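Novice: Sharing a structure with you now.
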Amino acid sequence: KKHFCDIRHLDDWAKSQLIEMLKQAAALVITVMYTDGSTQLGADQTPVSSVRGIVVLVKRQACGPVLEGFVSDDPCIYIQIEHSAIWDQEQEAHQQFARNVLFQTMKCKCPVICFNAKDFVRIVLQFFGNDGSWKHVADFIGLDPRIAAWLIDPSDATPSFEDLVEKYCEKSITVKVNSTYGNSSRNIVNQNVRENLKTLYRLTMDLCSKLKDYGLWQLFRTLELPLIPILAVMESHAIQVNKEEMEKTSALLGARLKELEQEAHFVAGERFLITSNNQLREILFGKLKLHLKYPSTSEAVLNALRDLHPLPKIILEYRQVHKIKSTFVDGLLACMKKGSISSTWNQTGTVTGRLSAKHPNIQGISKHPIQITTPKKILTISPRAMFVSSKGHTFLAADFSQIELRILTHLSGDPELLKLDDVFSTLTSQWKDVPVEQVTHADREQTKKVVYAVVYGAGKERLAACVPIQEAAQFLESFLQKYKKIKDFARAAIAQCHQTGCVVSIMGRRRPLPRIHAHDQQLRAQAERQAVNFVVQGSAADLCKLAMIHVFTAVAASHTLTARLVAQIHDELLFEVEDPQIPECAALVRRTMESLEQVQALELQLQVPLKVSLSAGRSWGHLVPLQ
DNA sequence: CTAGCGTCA
DNA sequence: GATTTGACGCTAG
């Protein structure tokens with residue numbers, strides 16, 4: 001009441017006094033609040049509306065007394081984001097003050113506790129706009145218990161607020177979190193927000209001491225929390241896609257679809273709906289009686305009917321082409337706004353530490369383009385080539401070479417591995433027993449896959465699968481005997497997992513795998529394979545994340561350099577650099593991402609060096625190596 | 001072999 | 001009639 005403070009109704013002395021307070025504060029507890037009003041605090045992470053405000057509970061202790069006269073203790077500041085209909089002078093005043101307060105919030109020296117902070121920072125930048133840029137949020141550190149939770153038990157499906165409090169609090173602190181407008185009145189929503197905010201504070205301190213207890217603290221503070229405003233930045237920009245050519249690929253794919261639909265009717269002898277599995281089941285078995293109740297339309301069955309009638313193949317083809325148009329063309333086109341796409345990045349996304357992305361999945365778009373048969377000439381679909389730098393600018397893309405293999409060397413310690421101008425060709429040529437130059441990309445494509453599969457515990461079965469089955473047991477031993485230390489490393493990770501129940505990456509990231517003790521043998525074996533994988537891939541995720549923070553701060557503070565970091569494929573950062581600035585940018589990126597070997601500074605000493613690999617180009621599809 | 005997201009029957 | 005699963009499709013090592 002005086003415990004919910006609307007800065008817009010503050011008089012002029014106390015505006016200055018309020019920012020003074022935000023500086024002096026021992027803690028700030030923030031959350032966004034939507035037009036509902038709900039908060040992210042939270043309702044399934046879908047409050048169903050655009051944003052209106054930010055609520056900041058200021059804990060003036062967490063010396064002597066403090067009484068401001070304009071507030072209660074501890075006050076809750078209410079910062080109005082929402083634009084009114086028409087835009088005039090005092091509103092300009094108000095918004096300037098809001099911008100001012102929010103800026104202070106980002107930069108201040110005490111702990112700042114926020115839940116889905118990335119969301120917060122992204123919203124503040126939308127609001128901030130041109131009035132302050134994306135580097136005035138890079139230093140921002142704020143404590144997001146969704147992340148602390150995810151660090152502690154990574155498996156756990158990324159939780160709501162409730163779940164977390166009732167789990168991690170002592171004792172019986174609580175929330176009234178349902179509150180909306182129209183579900184409730186004004187007072188209900190706002191007093192519930194202050195209460196939920198004191199709650200979120202305690203949830204958070206408790207989670208912190210948990211981290212310190214599990215040795216996940218240094219990991220939290222140095223890798224994850226600084227990564228937060230970086231992800232927030234990438235969401236605030238968007239990559240441009242080639243609209244005309246995109247819509248043309250949809251036109252291409254569209255035809256062959258209508259054409260395949262036509263051939264299907266003809267052979268079937270009736271004009272039916274080809275997308276309907278029912279009618280096609282009625283046709284294949286109702287009418288053509290191909291079985292001699294009905295089996296299904298699944299792809300195994302239709303494959304079995306390949307001979308009998310010419311219906312199946314046409315169907316399967318319609319289906320494959322339909323999958324292509326939908327995922328590659330129609331899906332991406334659903335995502336665009338203004339001819340641009342920007343994925344949401346999920347830091348709690350996986351168990352190994354890697355990030356993940358939705359809408360679209362930018363870590364999922366295929367490397368190599370694909371073929372659909374163009375009917376009434378030679379052309380293709382490449383989905384990546386539909387992502388383009390705006391003009392004049394060029395994508396620079398920096399990438400860690402064979403990073404998991406390098407880590408595997410650092411961990412195992414293998415001499416024959418360490419001894420080992422592009423590495424993969426060399427086993428690709430030994431398989432080939434050839435001179436480097438004539439080995440095709442597909443051979444490296446199968447060779448690298450061969451190595452990954454064999455290092456992670458793959459039986460001779462799938463190894464042969466990806467070729468004679470007995471022949472390869474032969475390959476495998478050849479491989480495992482070549483490098484003994486890789487077997488010793490796996491044996492080590494596995495043994496430590498049975499020993500402690502979890503296993504830990506280079507930087508402290510943990511993967512509990514309790515089924516290591518599980519009596520069932522396929523389960524036990526899975527947990528083992530998983531552990532051995534995790535130490536490696538978890539470590540690589542740690543490294544990539546570090547590289548991303550360092551590189552991002554390097555580009556952040558430069559007077560000359562304009563480069564915006566745009567996206568991250570797992571091992572590869574991708575920047576959009578202003579055109580003349582590629583050589584400068586490539587230089588910085590190189591320098592920075594290599595220098596990692598010692599920035600812990602030196603906790604982390606890589607017995608094998610990190611080589612970045614730089615590429616550049618106007619479109620994401622065509623990027624020439626540069627060197 | 002290990003991690004993800006996206007499209008379906 | 002609508003709605004959620006487990007295969008397989010791609011991705012990254």
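In the structure tokens, the first chain shown is A, the next is B, and so on; residue numbers restart at 1 for each chain, and ligands run from 1 in the order shown.
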With a distance threshold of 6 Å and counting only C-alpha atoms (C1' of nucleotides), extract the residues of chain A near chain B and express them as a PyMOL selection string.
Specialist: chain A and resi 453+456-458+533
Novice: Using the selection just defined, write its residues with N, CA, C and O atoms as a CSV table (one decimal), in the first residue's frame.
Specialist:
chain,number,residue,atom,x,y,z
A,453,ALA,N,31.1,-42.5,-32.2
A,453,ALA,CA,30.5,-43.7,-31.8
A,453,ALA,C,31.4,-44.6,-31.0
A,453,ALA,O,31.0,-45.1,-30.0
A,456,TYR,N,32.2,-43.6,-27.2
A,456,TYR,CA,31.2,-43.5,-26.3
A,456,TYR,C,30.5,-44.8,-25.8
A,456,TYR,O,29.6,-44.8,-25.0
A,457,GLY,N,31.1,-45.9,-26.2
A,457,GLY,CA,30.7,-47.2,-25.8
A,457,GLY,C,29.9,-48.1,-26.8
A,457,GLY,O,29.3,-49.1,-26.4
A,458,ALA,N,29.8,-47.7,-28.0
A,458,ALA,CA,29.1,-48.3,-29.1
A,458,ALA,C,29.6,-49.8,-29.3
A,458,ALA,O,30.7,-50.0,-29.5
A,533,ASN,N,30.0,-40.4,-21.5
A,533,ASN,CA,29.7,-39.4,-22.5
A,533,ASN,C,29.8,-38.0,-21.8
A,533,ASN,O,30.4,-37.1,-22.3
Novice: Excluding residue 620 (chain A) and residues on its chain fewer than 3 positions from it, collect all residues at most 6 Å away from it, counting only C-alpha atoms (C1' of nucleotides), and give them as a CSV table (one decimal) with C-alpha atoms, in the first residue's frame.
Specialist:
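Written file, result09.csv:
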chain,number,residue,atom,x,y,z
A,384,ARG,CA,20.8,-22.7,-44.2
A,385,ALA,CA,21.4,-20.7,-47.3
A,387,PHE,CA,19.6,-17.3,-43.5
A,388,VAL,CA,21.4,-14.2,-44.6
Novice: Could you pull out the residues in region 393-448 of chain A that DSSP calls alpha helix (DSSP H) from the backbone, as number ranges by chain?
Specialist: A: 403-412, 415-419, 423-432, 441-448
Novice: Atoms to include: N, CA and C atoms. Write the selected residues as a CSV table (one decimal), in the first residue's frame.
Specialist:
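Full text of out-v3.csv as output:
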chain,number,residue,atom,x,y,z
A,403,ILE,N,36.4,-30.4,-30.9
A,403,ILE,CA,36.5,-30.0,-29.5
A,403,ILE,C,36.4,-31.1,-28.5
A,404,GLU,N,35.4,-32.0,-28.7
A,404,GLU,CA,35.3,-33.1,-27.8
A,404,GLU,C,36.4,-34.1,-27.9
A,405,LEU,N,37.1,-34.2,-29.1
A,405,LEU,CA,38.2,-35.1,-29.3
A,405,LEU,C,39.4,-34.5,-28.5
A,406,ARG,N,39.5,-33.2,-28.6
A,406,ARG,CA,40.6,-32.5,-27.9
A,406,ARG,C,40.5,-32.6,-26.4
A,407,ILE,N,39.2,-32.4,-25.9
A,407,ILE,CA,39.0,-32.6,-24.5
A,407,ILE,C,39.3,-34.1,-24.1
A,408,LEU,N,38.9,-35.0,-25.0
A,408,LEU,CA,39.1,-36.4,-24.7
A,408,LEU,C,40.6,-36.7,-24.6
A,409,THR,N,41.4,-36.0,-25.4
A,409,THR,CA,42.8,-36.1,-25.2
A,409,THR,C,43.3,-35.5,-23.8
A,410,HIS,N,42.7,-34.3,-23.5
A,410,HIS,CA,43.1,-33.7,-22.2
A,410,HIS,C,42.8,-34.5,-21.0
A,411,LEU,N,41.6,-35.3,-21.1
A,411,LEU,CA,41.1,-36.1,-20.0
A,411,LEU,C,41.8,-37.5,-19.9
A,412,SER,N,41.8,-38.2,-21.0
A,412,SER,CA,42.4,-39.5,-21.1
A,412,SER,C,43.9,-39.4,-21.0
A,415,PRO,N,48.7,-40.5,-25.6
A,415,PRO,CA,49.8,-40.1,-26.5
A,415,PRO,C,49.5,-40.2,-28.0
A,416,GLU,N,49.0,-41.3,-28.4
A,416,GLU,CA,48.7,-41.5,-29.9
A,416,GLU,C,47.6,-40.6,-30.4
A,417,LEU,N,46.8,-40.2,-29.4
A,417,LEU,CA,45.7,-39.2,-29.8
A,417,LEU,C,46.3,-37.8,-29.8
A,418,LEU,N,47.1,-37.4,-28.8
A,418,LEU,CA,47.8,-36.1,-28.7
A,418,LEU,C,48.7,-35.8,-29.9
A,419,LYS,N,49.4,-36.8,-30.4
A,419,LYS,CA,50.3,-36.7,-31.5
A,419,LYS,C,49.6,-36.1,-32.7
A,423,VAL,N,42.4,-32.6,-39.0
A,423,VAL,CA,42.7,-33.9,-38.5
A,423,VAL,C,41.9,-35.0,-39.0
A,424,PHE,N,40.6,-34.8,-39.2
A,424,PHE,CA,39.7,-35.9,-39.5
A,424,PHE,C,40.1,-36.6,-40.7
A,425,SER,N,40.7,-35.9,-41.7
A,425,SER,CA,41.0,-36.5,-42.9
A,425,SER,C,42.0,-37.6,-42.7
A,426,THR,N,42.9,-37.4,-41.7
A,426,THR,CA,43.9,-38.4,-41.5
A,426,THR,C,43.5,-39.8,-41.1
A,427,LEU,N,42.5,-40.0,-40.3
A,427,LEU,CA,41.9,-41.3,-40.2
A,427,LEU,C,41.1,-41.6,-41.4
A,428,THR,N,40.5,-40.5,-42.0
A,428,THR,CA,39.7,-40.8,-43.2
A,428,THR,C,40.6,-41.2,-44.4
A,429,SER,N,41.9,-40.8,-44.4
A,429,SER,CA,42.8,-41.2,-45.4
A,429,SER,C,43.5,-42.5,-44.9
A,430,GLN,N,43.6,-42.8,-43.6
A,430,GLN,CA,44.1,-44.1,-43.2
A,430,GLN,C,43.1,-45.2,-43.5
A,431,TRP,N,41.8,-44.9,-43.4
A,431,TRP,CA,40.8,-45.8,-43.8
A,431,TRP,C,41.0,-46.0,-45.3
A,432,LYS,N,41.1,-44.8,-45.9
A,432,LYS,CA,41.5,-44.7,-47.2
A,432,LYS,C,43.0,-45.1,-47.5
A,441,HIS,N,34.1,-35.0,-48.7
A,441,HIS,CA,33.5,-34.5,-47.5
A,441,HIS,C,32.7,-35.6,-46.8
A,442,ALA,N,32.0,-36.4,-47.6
A,442,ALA,CA,31.2,-37.5,-47.1
A,442,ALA,C,32.0,-38.6,-46.3
A,443,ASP,N,33.3,-38.7,-46.7
A,443,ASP,CA,34.2,-39.7,-46.1
A,443,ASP,C,34.6,-39.2,-44.7
A,444,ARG,N,34.8,-37.9,-44.6
A,444,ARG,CA,35.1,-37.3,-43.3
A,444,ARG,C,33.8,-37.3,-42.4
A,445,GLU,N,32.7,-37.2,-43.1
A,445,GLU,CA,31.4,-37.2,-42.5
A,445,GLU,C,31.1,-38.6,-41.9
A,446,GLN,N,31.5,-39.7,-42.5
A,446,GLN,CA,31.4,-41.0,-41.9
A,446,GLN,C,32.5,-41.3,-40.9
A,447,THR,N,33.8,-40.8,-41.2
A,447,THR,CA,34.9,-41.0,-40.3
A,447,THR,C,34.8,-40.4,-38.9
A,448,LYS,N,34.4,-39.1,-38.9
A,448,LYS,CA,34.2,-38.5,-37.6
A,448,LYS,C,33.1,-39.2,-36.8
Novice: Could you list the residues in chain C lying within 10 Å of chain A, using only C-alpha atoms (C1' of nucleotides), and format the result as an NGL selection string?
Specialist: :C and (9-13)
Novice: I'd like the contact shell of region 471-484 of chain A - 9 Å cut-off, only C-alpha atoms (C1' of nucleotides), skipping same-chain residues fewer than 5 positions apart - returned as a list in words.
Specialist: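 Everything that qualifies: residues 414, 415, 416, 417, 451, 454, 455, 459, 460, 461, 463, 464 and 489 of chain A.
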Novice: Give me a file of those residues, with C-alpha atoms, as a PDB file, in the first residue's frame.
Specialist:
ATOM      1  CA  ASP A 414      46.433 -40.576 -24.687  1.00  0.00           C
ATOM      2  CA  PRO A 415      49.811 -40.086 -26.498  1.00  0.00           C
ATOM      3  CA  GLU A 416      48.710 -41.550 -29.851  1.00  0.00           C
ATOM      4  CA  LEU A 417      45.739 -39.195 -29.752  1.00  0.00           C
ATOM      5  CA  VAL A 451      35.240 -42.003 -33.947  1.00  0.00           C
ATOM      6  CA  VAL A 454      33.450 -45.813 -30.810  1.00  0.00           C
ATOM      7  CA  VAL A 455      34.567 -43.502 -27.960  1.00  0.00           C
ATOM      8  CA  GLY A 459      28.912 -52.099 -29.547  1.00  0.00           C
ATOM      9  CA  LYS A 460      30.187 -53.701 -32.752  1.00  0.00           C
ATOM     10  CA  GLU A 461      26.530 -53.750 -33.874  1.00  0.00           C
ATOM     11  CA  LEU A 463      29.389 -49.470 -35.375  1.00  0.00           C
ATOM     12  CA  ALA A 464      29.126 -51.961 -38.252  1.00  0.00           C
ATOM     13  CA  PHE A 489      39.397 -43.002 -19.232  1.00  0.00           C
TER      14      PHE A 489
END
Novice: If you run DSSP over the backbone, which residues in region 283-356 of chain A end up strand (DSSP E)? Put them as a list in words.
Specialist: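 The strand (DSSP E) subset of region 283-356 of chain A is residues 340, 341, 344, 345, 346 and 356 of chain A.
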Novice: Write the residues of the preceding selection, restricted to C-alpha atoms, as a short mmCIF file (atom, residue, chain, number, x, y, z; two decimals), in the first residue's frame.
Specialist:
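Saved the output as again23.cif:
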data_model
loop_
_atom_site.label_atom_id
_atom_site.label_comp_id
_atom_site.auth_asym_id
_atom_site.auth_seq_id
_atom_site.Cartn_x
_atom_site.Cartn_y
_atom_site.Cartn_z
CA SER A 340 13.42 -11.99 -39.52
CA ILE A 341 13.71 -14.99 -37.16
CA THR A 344 14.37 -18.67 -27.83
CA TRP A 345 17.44 -20.07 -26.06
CA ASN A 346 17.06 -22.50 -23.21
CA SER A 356 19.03 -25.52 -26.82
#
Novice: Report, in Å to a single decimal, how far apart CA of residue 279 (chain A) and CA of residue 308 (chain A) are.
Specialist: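 Going from CA of residue 308 (chain A) over to CA of residue 279 (chain A) covers 18.6 Å.
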Novice: Near residue 41 (chain A), counting only C-alpha atoms (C1' of nucleotides), which residues have an atom at most 9 Å away, once you skip same-chain residues fewer than 5 positions from it, shown as number ranges by chain?
Specialist: A: 31-33, 115-116, 160-162, 177, 193, 196-197, 200
Novice: Please produce a file of those selected residues containing C-alpha atoms, as a CSV table (one decimal), in the first residue's frame.
Specialist:
chain,number,residue,atom,x,y,z
A,31,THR,CA,10.1,-9.8,-11.3
A,32,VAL,CA,8.2,-8.9,-14.5
A,33,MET,CA,4.5,-8.4,-14.4
A,115,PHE,CA,13.7,-15.7,-11.6
A,116,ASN,CA,13.6,-16.0,-15.3
A,160,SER,CA,7.9,-23.4,-11.8
A,161,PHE,CA,8.3,-21.3,-8.8
A,162,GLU,CA,6.0,-23.2,-6.7
A,177,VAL,CA,0.4,-17.4,-6.9
A,193,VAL,CA,3.3,-10.3,-5.7
A,196,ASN,CA,5.8,-14.2,-3.6
A,197,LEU,CA,8.8,-11.8,-3.9
A,200,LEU,CA,11.6,-15.9,-4.2
Novice: I'd like the contact shell of residue 34 (chain A) - 8 Å cut-off, only C-alpha atoms (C1' of nucleotides), skipping same-chain residues fewer than 2 positions apart - returned as an NGL selection string.
Specialist: :A and (32 or 36-39 or 47 or 49-53)
Novice: Counting only C-alpha atoms, which residue out of A:126, A:172, A:581, A:347 sits closest to residue 562 (chain A)?
Specialist: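 Distance minimum relative to residue 562 (chain A) lands on A:581.
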